[PDB]
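Colleague: no sequence on this one, just coordinates:
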């Protein structure tokens, strides 16, 4: 349905602003929360065979500080993205000075593309997602406790105070949905604040492995 | 000879007295005279009005706020220690001015604060209320009606309002109309004394007697034991034995075969007491409690006596020519006795195939109003029992069809039928499946639709409106009720009905109501009629 | 409004102050506004704690497990000192407030002056401190309990000692204890605990089988069920449901 | 119509107090608002949430692996706590 | 489950209930025999609740000797109708269905499992909490 | 006091009531009255409050004025500065100023006083603005203090900068307060004042101006934005390379203009934190080039940009400075010699002297980085070059390096540093003498220099005629 598609795209964009803002990229409140009718007026309400369609609403956002690093998203028209298309996206970024970008695929994306992204990760980091997984925020869920990335300066004296090495810390897998949402790389620390029925608030510390 | 003051000119009256004869060391007098060190605060307050002129609200709201602040300050610094002396010494310039200008709530608040002190102030307030064209519209307090004039005037106004309103007013102002009369039993007896005289006359005596009925009903649960007093007011006091027996009966609040035997003996005689003694609703209610209860079986030794007593109470007539009865009828009490006995045996047998089989004869018996509302009460007691719904074919169609028959055969029973049905609908019955409960509520709404069809329409629609507004039940029930209602209504449409039914119609997913009507538009026609009417 | 009326300890009403506290106490309280300011500060902190508790317990359940039973100790102390709360109290609210603050500093869970250690300390006893502050609020303290100052400080000492005892000792083999104390109730439980119902109810299949399939996380469980909530008027309406 | 690996679905109003939603009235009291809820026999999460009118906050499953695949590890730890507590205290036996 | 487990065996439970019935009356010789076995006993007989016409003690008096130290507790009997507390007489139970102990003395209430056994917050639990486990041991022994 | 219509009427009534009869009742009636106040309430007040003070009415009026200010804010938010609401607020403020000499008037002006035609007249009337100058952020804050308050703040800013420099030898709130009255004209005036202060200080004010601009951009910011972002990236990453590349690209993609590029370069260069960051980046680039063995190349571009920024302050309307590619090889030659010496140890002097004689911020930074057989030979050459340079910033960097060496705790290096610090204290001002005394406080860990160090400090206390030398000598004597 055309209305179903436009609604889905509106939700996708909404989740994307929420993701970026949580990640730490400056975004204006208007985009952070805008009405479905507002987006429909913006884009035509006819994604199917209409002036709105994929790659039209791709947005570029810079970090809150140090505007050198900026990130934008790719919206392949085809369901299963092509390796040639990802290479074209890479070249588009090459024209840009920013090495960070995201991709949203309607369908599963090729394992060859997976390997390609892994190979070109070091020079520039490109991350992919899927419609259904991004269709609803995960952080919103009550079951999910509060998550915060950590920094080197804080991790250092944290380890010093607790007289333990990073390995001893309880671990979390890198490819988990939460670590993917936060774009956390290996060897990075995340603190979790949770409501405990028996002590009110509990703090836990985790390492992305 | 001081000339030391910035805004103390207002207190110049006391300043002159403290200065002309200051003498000694007038340090305190000088301090009082120069106490208003601020600027002309009265002028500042006046200019506050000018500022509000250009402000958001250049209206009398500021004046009302200032008056409220002054009243609150007076209440806070009320001279309760010497309030009586202050009110009763002069009483000339303060009470008169307050009644003339600030009589809105100042006097009422002062009276209601304690009401013990300031006897002169209370008397002045009562006099002002009496002088006011609107009888004591300010002094509406349950503990402030301890004065003959104020209480009688307020009671007269309340009675006039109730009579002007009518049946629709029988429920809203009655509780607050009774809260003061029942506050003191001396006041209650005085009201009953005047009210019996009012009822003596033929015209309006029925209404006055009815008002007495609901008033004594309220007093009963309020805690009054004035059954003997009511009997004294009634003609039953003419017979000391009858009055004593009936007073004991009412005080016990049950039925005693030993005393009812005496009542039967003195009844069905050549000179029966004036039926007004047995026409009191309270004794009939005691009869209802004792007789038609699903349980509580009686020894039945005097079963015929109870049946005959009920038939005599609800059937016989008399012609009070100059307060003298010379023409009475007793040809219908026999049929009444037969029907009531049949219904009593139906209640006693406590069984369902035979109940359905005799249902046809019960329909004939319903034509007696007493039998109909006895069936109503027994059905209420049976249904209200928790877990009464365990086996159902059409959600207990028997009892609900009995209610429909009662409503059709007797229009005056509609308020009580609605009360029972709405109580049942409000009640949530657990131990049942959700779908079953939903269907049960739909069945209840079917009886709502029947009551509406029987002309008891405005209260039904009003209750539906109220239930939608507060404690929102599932929208499905409201939709279903509206769909059924639209079927039974055809033009013409009363304007008041259209107004009552309108707001629920144009909200809460209107389009969902129309699914496959096709032949006749359910809500489109009503909308067109409403547009034409308004 | 009820919390306000129950914990404000308003001082404007002179008669209530006379009934509760002595003449010297009421006169000093009315004279010193700073005491009133601190009382207002305590009330605001209690309001914030009330909001925090309405956050932490979404359920409307007030049943919680705490290392101390303040009401029982208050009861014991009252009859120990023969308070006879009919008479007005003889202690000022300032001692109550300072003593509760001092106790809040006395009880320790996380040691160290490190900011990370500091955050952890108050987080650990966050709930217990809220409970003790709510119970020992000056309003209830002076009104419903009416302890003397000696009873008050003795009670504070008792709380200190009891919370000292409640500390979990180091070196206790606690993982084994926890798992094994899970075992005994499992033994008590039986697969027949469920007597079924007229409605299928999704066949929860609670009991030892459920615990089994949970302990060894199973890819395919017997009755994988999903609970679903609707948003608004769609849920309100059965038809939309 | 519908999704796969999902058989007949039940609907009911939660009698139990914990399940039914609670609203903080302006006066401060919690009020328990009974409301329709659904139970599906064949669990397929992240596809129910994709649909319309589905609450993403209150939804929870009874399995473990499915929620693990979609909500990290803290989510499953908490949900496992919830379920195990439910089972062990169904009989009224309280465990610390 | 942070509860007491030693509880009270079935037989002594029924015996203590029938003993602490609200109307139990006992003779001088029987009381003088019973008090012997209380290990923690001070050695001074308590005043009877009834003196004239005859000296007649009460099992609650006897049990107050058993209860050690000075403890305060409230518990609801198993047969306690809840509406009683809602209505009047909430401090004088017609059925003595409110368990009330003050300063190591049983004031009014029939002891049952809900006030003695493994029920959480029970008299045994509070005794252990307040006094020494040795005190609680002597308490159990004397009860039995 | 204030004499509005009502004030003048009250004054006239008071003057006329001093004589000519004027009985009490007539005077009370003719003085003034409260239209809102009811006669019944007025009559009852004497019998209850015993001539109660009208201060309750004044408090109620103050509360009503606060509510009116809130209503004006609500109207400006819903009506978006509605013309009628603005006119009513202006009329009310004028009336309040005329009547009371004015807390409600000041509050109303602050809440809503934009584009007020009578705002200039009101400000002129409140020329003193003892409290109003700060209370009226709309006018006093918005260009009110530009004429004199801006200069006063600049003087306090200079004092704060001097105090910070003195403390380092041994702010944000003010900038936020200044920027609170943020408008187009306010920003232009602030920029002009900052440029004037930087010109007067000869570079000192440039760092403060750049920091203030960066803070304003970061918090409620709104080529300036690009410059602020580049500066923030450089500050966040001392050795960052992507940020440096982005900044270089932005600078290259800057069209030639009248004083714009000059101001950007001056702001970049005149920043002690910025200078330190540039020096650290250059040192890191040189180390990377040495490791890669690819000596000559973004390091050359970075060095050229740093030199242009440093030389921009010489004169206005400047484009850039010569790259000096040929001289780059000679400059890097000492680094290659030092690296070769270090490699030989783990397995010159003339150039250092020439560099020290030549004035080069890059040379000073390289010497500081180096301080932070072949190595021994290079060290004397570095010392000679630093002595030849003899700059104040070079002395500060040498003090930092001496602190680092003291942390390293080198015995022979300790004696060499003691001699160098003595020479630097003798040559430099009281600040240099105090720094040398502080270093010597922990210096002389060996007993063979401790008495000598004490004697040298005692001699320098007298030799340093400035009070700083005497203070340092007294502190050293007290310590030991």
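Modeller: All right, it came through fine. Numbers count the residues shown, from 1 in each chain, chains lettered A, B, ... in the order given.
Colleague: if we look at the longest helix seen in chain D, which residues are touching it?
Modeller: Longest helix in chain D, counting residues (DSSP state H): helix D:74-88. Helix D:74-88 has contacts (CB atoms under 8 Å, 6 or more residues apart in numbering or on different chains) with A:141, A:143-145, A:178, A:192, A:194, A:204, C:182, C:185-186, C:189, C:206-207, C:210-211, C:214, D:60-62, D:64, D:67-68, D:95. C-beta: built from backbone N, CA, C; applies to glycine.
Colleague: list the buried ones in it?
Modeller: Burial within helix D:74-88, assessed by neighbour count using 16 or more other CB atoms under 10 Å in any protein chain shown, is assigned to D:74, D:75, D:76, D:77, D:78, D:79, D:83, D:84, D:87, D:88.
Colleague: and if you look at stretch B:287-304?
Modeller: Buried residues in stretch B:287-304, defined by neighbour count with 16+ other CB under 10 Å: B:287, B:288, B:290, B:291, B:292, B:302, B:303.
Colleague: cool, stretch B:110-123 as well?
Modeller: Neighbour-count burial for stretch B:110-123, counted by 16+ other CB under 10 Å, picks out B:110, B:111, B:117, B:118, B:120, B:121, B:122.
Colleague: what element comes up after the strand or helix carrying the last one heading to the C-terminus?
Modeller: Counting by DSSP states H and E, the secondary-structure element that holds residue B:122 is helix B:119-131. Once helix B:119-131 ends, the next helix or strand along the chain (criterion: DSSP H and E) is helix B:148-165.
Colleague: How far off centre is that following helix?
Modeller: 15 Å (CA atoms, centre = their mean, to the nearest Å).
Colleague: How about residue 204, nearest residue that isn't a chain neighbour?
Modeller: Defaulting to chain A. residue A:192 (4.6 Å; CB to CB, 6 or more residues apart in numbering or on different chains).
Colleague: that's the wrong chain, I meant chain F
Modeller: residue F:161 (6.6 Å).
Colleague: now swap in residue E:26 and tell me
Modeller: Using CB to CB, 6+ apart, the nearest residue to residue E:26 is residue E:57, at 5.2 Å.
Colleague: Next: residue B:215.
Modeller: Of all residues not flanking residue B:215 in the chain, residue B:178 sits nearest, at 5.9 Å (CB to CB, 6+ apart).
Colleague: check contacts around the one you found.
Modeller: Contacts here follow CB under 8 Å, 6+ apart; on that basis residue B:178 touches B:215, B:218, B:219, B:222.
Colleague: do you know how far the third one is from residue B:367?
Modeller: To tie it back to what came earlier, the one meant is residue B:219. 34 Å (CB to CB, to the nearest Å).
Colleague: got it, and the last one?
Modeller: Per CB to CB, residue B:222 is found 36 Å from residue B:367.
Colleague: quick one, helices of the chain?
Modeller: I went with chain A, as the question did not name one. Secondary structure of chain A, counting by DSSP H: helices at A:2-23, A:29-32, A:36-43, A:83-95, A:111-120, A:131-134, A:152-162, A:177-182.
Colleague: Correction: the question concerned chain D.
Modeller: For chain D, the helices defined by DSSP H occupy D:65-70, D:74-88.
Colleague: before we move on, the earlier item: taking the buried residues of stretch B:287-304 one by one, which sit in helices?
Modeller: Short answer: the buried residues of stretch B:287-304 in helices (DSSP H) are B:287, B:288, B:290, B:291, B:303.
Colleague: Let's have those in JSON lines, adding distance to residue E:49.
Modeller: Output for those, formatted as JSON lines (distance: CB to CB, whole Å):
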{"residue": "B:287", "distance to residue E:49": "51"}
{"residue": "B:288", "distance to residue E:49": "51"}
{"residue": "B:290", "distance to residue E:49": "46"}
{"residue": "B:291", "distance to residue E:49": "51"}
{"residue": "B:303", "distance to residue E:49": "54"}
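Colleague: Please identify which pair of those residues lies farthest apart.
Modeller: B:288 and B:303 (15.7 Å; CB to CB).
Colleague: and the helix or strand where residue B:378 lies, what does it pack onto?
Modeller: Secondary structure from DSSP H and E places residue B:378 in helix B:369-384. When contacts are defined as 3 or more CB pairs under 8 Å, 6 or more residues apart in numbering or on different chains; DSSP states H and E, helix B:369-384 sits against helix B:281-291, helix B:303-315, helix B:333-349, helix B:353-365, helix B:397-409, helix B:414-426.
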